[PDB]
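Next comes work38.cif, a file with mmCIF, C-alpha atoms and all ligand atoms.
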data_model
loop_
_atom_site.label_atom_id
_atom_site.label_comp_id
_atom_site.auth_asym_id
_atom_site.auth_seq_id
_atom_site.Cartn_x
_atom_site.Cartn_y
_atom_site.Cartn_z
CA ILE A 1 -5.61 2.35 2.31
CA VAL A 2 -3.33 4.12 4.85
CA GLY A 3 -4.71 7.15 6.73
CA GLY A 4 -8.22 6.68 5.35
CA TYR A 5 -11.59 6.09 7.09
CA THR A 6 -14.27 3.39 7.15
CA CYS A 7 -16.46 4.04 4.16
CA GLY A 8 -19.70 2.75 5.69
CA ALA A 9 -21.44 -0.42 4.33
CA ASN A 10 -22.34 -0.21 0.64
CA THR A 11 -21.54 3.54 0.29
CA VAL A 12 -19.21 2.67 -2.67
CA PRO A 13 -21.61 0.39 -4.67
CA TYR A 14 -19.30 -0.02 -7.71
CA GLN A 15 -16.40 -1.41 -5.63
CA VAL A 16 -15.69 -5.11 -6.15
CA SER A 17 -13.17 -7.49 -4.46
CA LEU A 18 -11.31 -9.98 -6.75
CA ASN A 19 -11.05 -13.22 -4.77
CA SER A 20 -9.10 -16.54 -5.23
CA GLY A 21 -9.71 -17.95 -1.70
CA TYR A 22 -8.68 -14.52 -0.23
CA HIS A 23 -9.00 -10.85 -1.39
CA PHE A 24 -5.99 -9.95 -3.65
CA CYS A 25 -7.19 -6.86 -5.66
CA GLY A 26 -10.07 -4.44 -6.08
CA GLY A 27 -11.98 -3.48 -9.27
CA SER A 28 -14.88 -1.25 -10.45
CA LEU A 29 -18.18 -2.44 -11.89
CA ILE A 30 -18.80 -0.39 -15.15
CA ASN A 31 -21.99 -2.24 -16.38
CA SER A 32 -23.79 -5.43 -15.19
CA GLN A 33 -21.37 -7.88 -16.82
CA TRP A 34 -17.99 -6.07 -16.85
CA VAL A 35 -15.41 -4.97 -14.27
CA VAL A 36 -12.29 -2.86 -14.87
CA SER A 37 -9.20 -3.65 -12.74
CA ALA A 38 -5.40 -3.55 -13.19
CA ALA A 39 -3.49 -5.86 -15.51
CA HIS A 40 -1.06 -6.74 -12.74
CA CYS A 41 -3.97 -8.24 -10.74
CA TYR A 42 -4.41 -10.90 -13.49
CA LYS A 43 -4.52 -14.60 -12.47
CA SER A 44 -6.86 -17.44 -13.35
CA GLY A 45 -9.56 -18.62 -10.90
CA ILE A 46 -11.00 -15.16 -10.17
CA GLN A 47 -14.35 -14.90 -8.40
CA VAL A 48 -15.69 -11.28 -8.40
CA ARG A 49 -17.41 -10.34 -5.13
CA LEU A 50 -19.91 -7.49 -5.37
CA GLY A 51 -21.90 -5.75 -2.53
CA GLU A 52 -19.21 -6.37 0.04
CA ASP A 53 -18.38 -4.36 3.13
CA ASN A 54 -16.82 -6.92 5.58
CA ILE A 55 -15.02 -9.39 3.15
CA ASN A 56 -14.74 -12.06 5.89
CA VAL A 57 -18.48 -12.12 6.86
CA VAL A 58 -21.53 -12.78 4.56
CA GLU A 59 -23.73 -9.87 5.84
CA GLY A 60 -26.22 -9.83 2.97
CA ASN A 61 -26.07 -7.88 -0.36
CA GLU A 62 -23.11 -9.91 -1.60
CA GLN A 63 -23.17 -11.41 -5.13
CA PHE A 64 -20.25 -13.82 -5.89
CA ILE A 65 -19.87 -14.32 -9.67
CA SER A 66 -17.05 -16.14 -11.42
CA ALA A 67 -15.09 -14.27 -14.11
CA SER A 68 -15.84 -15.74 -17.62
CA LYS A 69 -12.65 -14.08 -19.15
CA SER A 70 -10.09 -11.43 -18.16
CA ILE A 71 -8.62 -9.27 -20.95
CA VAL A 72 -5.28 -7.70 -20.05
CA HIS A 73 -4.45 -4.67 -22.30
CA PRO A 74 -2.31 -6.12 -25.24
CA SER A 75 0.41 -3.45 -24.66
CA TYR A 76 0.63 -3.98 -20.88
CA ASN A 77 4.36 -3.83 -19.85
CA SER A 78 4.91 -5.59 -16.49
CA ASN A 79 8.24 -3.85 -15.98
CA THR A 80 7.02 -0.24 -16.33
CA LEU A 81 3.33 -0.97 -15.54
CA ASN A 82 2.46 1.17 -18.57
CA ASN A 83 -1.17 0.25 -19.76
CA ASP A 84 -1.95 -1.35 -16.36
CA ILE A 85 -5.65 -2.01 -17.07
CA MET A 86 -7.71 -5.22 -17.47
CA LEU A 87 -11.36 -5.88 -18.21
CA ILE A 88 -13.11 -8.87 -16.57
CA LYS A 89 -16.34 -10.25 -18.09
CA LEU A 90 -18.67 -11.88 -15.51
CA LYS A 91 -20.12 -15.38 -16.12
CA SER A 92 -23.67 -13.92 -15.51
CA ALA A 93 -24.85 -10.35 -15.16
CA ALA A 94 -24.98 -8.88 -11.66
CA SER A 95 -28.36 -7.58 -10.24
CA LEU A 96 -27.83 -3.80 -9.92
CA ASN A 97 -29.73 -1.90 -7.17
CA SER A 98 -28.63 0.83 -4.68
CA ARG A 99 -26.00 -1.43 -3.01
CA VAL A 100 -24.49 -2.78 -6.27
CA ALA A 101 -24.30 -0.14 -9.05
CA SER A 102 -21.89 0.60 -11.92
CA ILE A 103 -19.75 3.79 -12.13
CA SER A 104 -19.55 5.92 -15.32
CA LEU A 105 -16.47 6.11 -17.53
CA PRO A 106 -15.22 9.72 -18.07
CA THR A 107 -15.75 11.84 -21.19
CA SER A 108 -12.70 14.02 -20.44
CA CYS A 109 -9.61 13.62 -18.25
CA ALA A 110 -9.53 15.33 -14.82
CA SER A 111 -7.29 18.28 -13.96
CA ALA A 112 -4.73 18.56 -11.20
CA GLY A 113 -6.40 19.59 -7.91
CA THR A 114 -9.55 17.49 -8.66
CA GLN A 115 -10.52 15.74 -5.38
CA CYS A 116 -11.26 12.00 -5.80
CA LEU A 117 -12.32 9.04 -3.67
CA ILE A 118 -10.07 5.99 -3.57
CA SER A 119 -11.31 2.83 -1.73
CA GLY A 120 -10.18 -0.71 -1.06
CA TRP A 121 -9.37 -3.50 1.42
CA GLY A 122 -5.59 -3.14 1.02
CA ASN A 123 -2.97 -2.69 3.70
CA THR A 124 -3.61 0.17 6.21
CA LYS A 125 0.04 0.33 7.56
CA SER A 126 2.95 1.97 5.67
CA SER A 127 5.46 0.15 7.86
CA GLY A 128 3.94 -3.38 8.28
CA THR A 129 0.74 -5.19 7.12
CA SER A 130 -2.70 -4.77 8.74
CA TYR A 131 -5.45 -5.77 6.26
CA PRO A 132 -8.95 -4.53 7.19
CA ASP A 133 -12.19 -6.51 7.19
CA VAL A 134 -14.31 -3.56 5.97
CA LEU A 135 -13.88 -1.15 3.11
CA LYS A 136 -11.67 1.90 3.68
CA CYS A 137 -11.89 5.23 1.85
CA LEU A 138 -9.55 8.12 1.24
CA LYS A 139 -10.27 11.49 -0.41
CA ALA A 140 -7.09 12.56 -2.36
CA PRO A 141 -6.40 15.22 -5.03
CA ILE A 142 -4.82 14.59 -8.47
CA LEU A 143 -1.30 16.16 -8.45
CA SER A 144 0.19 18.20 -11.32
CA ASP A 145 2.28 16.35 -13.87
CA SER A 146 5.41 18.28 -12.86
CA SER A 147 5.13 17.16 -9.23
CA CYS A 148 4.42 13.60 -10.33
CA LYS A 149 7.45 13.50 -12.71
CA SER A 150 9.63 15.21 -10.13
CA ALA A 151 8.69 12.42 -7.65
CA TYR A 152 9.25 9.52 -10.10
CA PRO A 153 11.70 10.83 -12.72
CA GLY A 154 11.66 8.72 -15.91
CA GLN A 155 8.89 6.36 -14.71
CA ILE A 156 5.66 8.26 -15.48
CA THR A 157 4.10 7.72 -18.93
CA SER A 158 1.18 9.66 -20.37
CA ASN A 159 -1.12 6.81 -19.20
CA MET A 160 -0.44 7.55 -15.52
CA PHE A 161 -1.14 10.33 -13.03
CA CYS A 162 -0.24 10.82 -9.36
CA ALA A 163 -2.82 11.45 -6.64
CA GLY A 164 -2.21 11.83 -2.94
CA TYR A 165 -0.24 13.79 -0.38
CA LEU A 166 3.48 14.62 -0.61
CA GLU A 167 3.67 14.98 3.21
CA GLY A 168 3.04 11.16 3.42
CA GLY A 169 0.52 9.49 5.84
CA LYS A 170 -2.46 8.96 3.49
CA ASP A 171 -2.20 6.71 0.37
CA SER A 172 -3.50 3.57 -1.34
CA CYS A 173 -1.31 0.44 -0.81
CA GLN A 174 -0.91 -3.28 -1.79
CA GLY A 175 -4.34 -4.98 -1.82
CA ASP A 176 -5.97 -1.77 -3.14
CA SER A 177 -4.49 -2.43 -6.66
CA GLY A 178 -7.15 -2.55 -9.39
CA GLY A 179 -9.58 -0.43 -7.45
CA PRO A 180 -11.28 2.86 -8.27
CA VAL A 181 -10.23 6.50 -8.15
CA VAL A 182 -13.60 8.33 -8.72
CA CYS A 183 -13.74 12.09 -9.27
CA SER A 184 -17.02 13.95 -9.82
CA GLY A 185 -18.82 10.59 -10.32
CA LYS A 186 -16.56 9.32 -13.12
CA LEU A 187 -13.95 6.56 -12.90
CA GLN A 188 -10.71 8.54 -13.66
CA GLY A 189 -8.11 6.12 -12.23
CA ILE A 190 -7.18 2.57 -11.31
CA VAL A 191 -4.84 1.96 -8.29
CA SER A 192 -1.59 0.84 -9.91
CA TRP A 193 1.74 1.40 -8.04
CA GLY A 194 3.83 3.66 -5.81
CA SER A 195 7.16 3.44 -3.82
CA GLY A 196 6.13 1.93 -0.46
CA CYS A 197 2.84 3.30 0.87
CA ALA A 198 2.23 6.74 2.33
CA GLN A 199 5.94 7.72 2.24
CA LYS A 200 6.85 11.42 1.98
CA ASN A 201 7.25 12.69 -1.56
CA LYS A 202 6.22 9.26 -3.06
CA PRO A 203 2.52 9.68 -4.00
CA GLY A 204 0.44 6.87 -5.54
CA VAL A 205 0.47 6.42 -9.33
CA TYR A 206 -2.76 5.55 -11.12
CA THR A 207 -3.71 4.30 -14.59
CA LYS A 208 -5.26 7.29 -16.46
CA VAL A 209 -8.64 5.79 -17.54
CA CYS A 210 -9.69 8.70 -19.81
CA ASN A 211 -6.94 7.44 -22.24
CA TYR A 212 -8.68 4.03 -22.51
CA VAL A 213 -12.38 4.76 -22.95
CA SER A 214 -12.51 3.92 -26.75
CA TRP A 215 -10.41 0.76 -26.09
CA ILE A 216 -12.80 -0.32 -23.27
CA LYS A 217 -15.91 0.39 -25.41
CA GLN A 218 -14.53 -1.37 -28.50
CA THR A 219 -13.30 -4.38 -26.51
CA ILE A 220 -16.66 -4.75 -24.65
CA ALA A 221 -18.59 -4.34 -27.91
CA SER A 222 -16.61 -7.18 -29.54
CA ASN A 223 -16.71 -9.65 -26.57
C1 LIG B 301 4.41 -6.32 -3.10
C2 LIG B 301 3.26 -5.70 -3.88
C3 LIG B 301 2.52 -6.53 -4.68
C4 LIG B 301 1.48 -6.02 -5.43
BR1 LIG B 301 0.55 -7.31 -6.50
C5 LIG B 301 1.13 -4.68 -5.42
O1 LIG B 301 0.08 -4.22 -6.21
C6 LIG B 301 1.88 -3.81 -4.60
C7 LIG B 301 1.56 -2.46 -4.55
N1 LIG B 301 2.24 -1.45 -3.88
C8 LIG B 301 1.47 -0.34 -4.05
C9 LIG B 301 1.67 0.96 -3.59
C10 LIG B 301 0.69 1.92 -3.91
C11 LIG B 301 0.81 3.25 -3.47
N2 LIG B 301 -0.11 4.11 -3.83
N3 LIG B 301 1.84 3.60 -2.72
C12 LIG B 301 -0.43 1.52 -4.68
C13 LIG B 301 -0.58 0.20 -5.12
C14 LIG B 301 0.38 -0.70 -4.78
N4 LIG B 301 0.46 -1.96 -5.06
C15 LIG B 301 2.95 -4.33 -3.83
CA CA B 302 -19.11 -9.85 3.41
CL CL B 303 10.91 12.59 -16.89
#
Using the file provided, produce a representation of the structure as structure tokens.
Ligand SMILES: Cc1cc(Br)c([O-])c(-c2nc3cc(C(N)=[NH2+])ccc3[nH]2)c1
Ligand SMILES: [Ca+2]
Ligand SMILES: [Cl-]
Amino acid sequence: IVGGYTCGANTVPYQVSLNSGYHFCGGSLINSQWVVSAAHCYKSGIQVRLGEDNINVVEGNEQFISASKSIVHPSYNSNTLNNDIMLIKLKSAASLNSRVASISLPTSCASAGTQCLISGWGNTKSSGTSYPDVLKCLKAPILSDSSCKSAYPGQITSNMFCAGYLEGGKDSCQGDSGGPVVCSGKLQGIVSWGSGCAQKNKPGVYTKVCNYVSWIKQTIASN
């Protein structure tokens, strides 16, 4: 997260860190046994780390659970990143409490101007790499579809939306991929891609979760 602030320990209880010997992507807990992340964060050997604040220190509240299976959307296109969503089933259910809690899926899509909270342990520098130890947060609005398409002509599908600042300086970045974009208490986006990080007129692009709620429910119900 570039231009964001320190969230504060456990203030984002649905945030998870996907780990393979190091943090490589974020994710959101939607119930005690399932996490939603981005398809491009897929790899085998994933350990889901819940209740984290400093990812390099065991401070208490952490729950480390191995992934039992990861389900990448069947129509995921790695070249366009269209359908960039993945579900991860945990080997055992997590213990939910005030520090580890799930976030609700939306019933309707959000409108442009909606203010959302984006969080993650991704890079904090737009020109260079500085990875933080604690969770960073950023409040960012959803942009209109015309501004989004004007910024990325021919690359925005109906399963994506832009959120951020066109002046540059505040944005999600590598390492934040897979994490949550929460607006009014509902998970509306998943950190997916963008051109560089925090560059002027190149806002972040997010997977539009409201388009996948029936797919997530049906897939969870059959697995
Ligand atoms: C080299 C590399 C590898 C991976 Br895997 C990423 O997810 C990314 C990446 N760049 C990103 C840029 C943004 C942004 N909002 N500007 C968001 C997620 C990103 N993820 C970059
Ligand atoms: Ca820790
Ligand atoms: Cl277009």
**Prompt:** Quick one: of A:41, A:134, A:93, A:100, who's nearest to ligand CA 302 (chain B), counting all atoms listed in the file?
**Reply:**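 Using all atoms listed in the file, the shortest distance to ligand CA 302 (chain B) belongs to A:134.
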Contact check, chain A to ligand CA 302 (chain B), at most 7 Å, counting only C-alpha atoms and all ligand atoms, closest pairs as CSV:
residue,atom,partner,partner_atom,distance
A:52,CA,B:CA302,CA,4.8
A:53,CA,B:CA302,CA,5.5
A:54,CA,B:CA302,CA,4.3
A:55,CA,B:CA302,CA,4.1
A:56,CA,B:CA302,CA,5.5
A:57,CA,B:CA302,CA,4.2
A:58,CA,B:CA302,CA,4.0
A:59,CA,B:CA302,CA,5.2
A:62,CA,B:CA302,CA,6.4
Expected selection as a short mmCIF file (atom, residue, chain, number, x, y, z; two decimals) with C-alpha atoms, in the frame of the given file for ligand CL 303 (chain B) within 7 Å, all atoms listed in the file:
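The result, written out as result38.cif:
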data_model
loop_
_atom_site.label_atom_id
_atom_site.label_comp_id
_atom_site.auth_asym_id
_atom_site.auth_seq_id
_atom_site.Cartn_x
_atom_site.Cartn_y
_atom_site.Cartn_z
CA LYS A 149 7.45 13.50 -12.71
CA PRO A 153 11.70 10.83 -12.72
CA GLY A 154 11.66 8.72 -15.91
CA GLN A 155 8.89 6.36 -14.71
CA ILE A 156 5.66 8.26 -15.48
#
Using only C-alpha atoms and all ligand atoms, I'd like a table of the residues in chain A that come within 9 Å of ligand LIG 301 (chain B); for each, show the closest atom pair and its distance in Å rounded to one decimal, ordered by chain and ascending number, as a tab-separated table.
residue	atom	partner	partner_atom	distance
A:1	CA	B:LIG301	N2	8.4
A:24	CA	B:LIG301	BR1	7.6
A:25	CA	B:LIG301	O1	7.8
A:38	CA	B:LIG301	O1	8.9
A:40	CA	B:LIG301	BR1	6.5
A:41	CA	B:LIG301	BR1	6.3
A:122	CA	B:LIG301	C13	8.6
A:126	CA	B:LIG301	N3	8.6
A:162	CA	B:LIG301	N2	8.7
A:163	CA	B:LIG301	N2	8.3
A:164	CA	B:LIG301	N2	8.0
A:171	CA	B:LIG301	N2	5.4
A:172	CA	B:LIG301	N2	4.2
A:173	CA	B:LIG301	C10	4.0
A:174	CA	B:LIG301	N4	3.8
A:175	CA	B:LIG301	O1	6.3
A:176	CA	B:LIG301	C13	6.1
A:177	CA	B:LIG301	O1	4.9
A:178	CA	B:LIG301	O1	8.1
A:191	CA	B:LIG301	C13	5.6
A:192	CA	B:LIG301	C13	4.9
A:193	CA	B:LIG301	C13	3.9
A:194	CA	B:LIG301	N3	3.7
A:195	CA	B:LIG301	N3	5.4
A:196	CA	B:LIG301	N3	5.1
A:197	CA	B:LIG301	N3	3.7
A:198	CA	B:LIG301	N3	6.0
A:199	CA	B:LIG301	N3	7.6
A:202	CA	B:LIG301	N3	7.2
A:203	CA	B:LIG301	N2	6.2
A:204	CA	B:LIG301	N2	3.3
A:205	CA	B:LIG301	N2	6.0
A:206	CA	B:LIG301	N2	7.9
Problem - Separation of atom CA of residue 70 of chain A from atom CA of residue 86 of chain A, in Å and rounded to one decimal - result: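 One can read the atom CA of residue 70 of chain A to atom CA of residue 86 of chain A distance as 6.7 Å.
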Closest of A:60, A:169, A:21, A:4 to residue 200 of chain A, counting all atoms listed in the file, is A:169
Closest of A:92, A:127, A:218, A:158 to residue 34 of chain A, counting only C-alpha atoms, is A:92
From atom CA of residue 208 of chain A to atom CA of residue 159 of chain A the spacing works out at 5.0 Å
Next item on the list: For each of A:85, A:220, A:110, A:210, take the minimum atom-to-atom distance to residue 31 of chain A, counting all atoms listed in the file, then give the residue where this is smallest.
Entry: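 Ranked by minimum distance to residue 31 of chain A, first place goes to A:220.
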**Report entry** Contacts of residue 215 of chain A at 12 Å (only C-alpha atoms; same-chain gap of 4+ positions) as an MDAnalysis selection string
**Finding:** chainID A and resid 36 71:75 83 85:87 105 209:211 219:222
ask   = Between atom CA of residue 10 of chain A and atom CA of residue 121 of chain A, what is the distance, to one decimal in Å?
value =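 Interatomic distance, atom CA of residue 10 of chain A to atom CA of residue 121 of chain A: 13.4 Å.
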Using all atoms listed in the file, which of the listed residues (A:14, A:5, A:76, A:42) sits closest to residue 102 of chain A?
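The shortest atom-to-atom distance to residue 102 of chain A comes from A:14.
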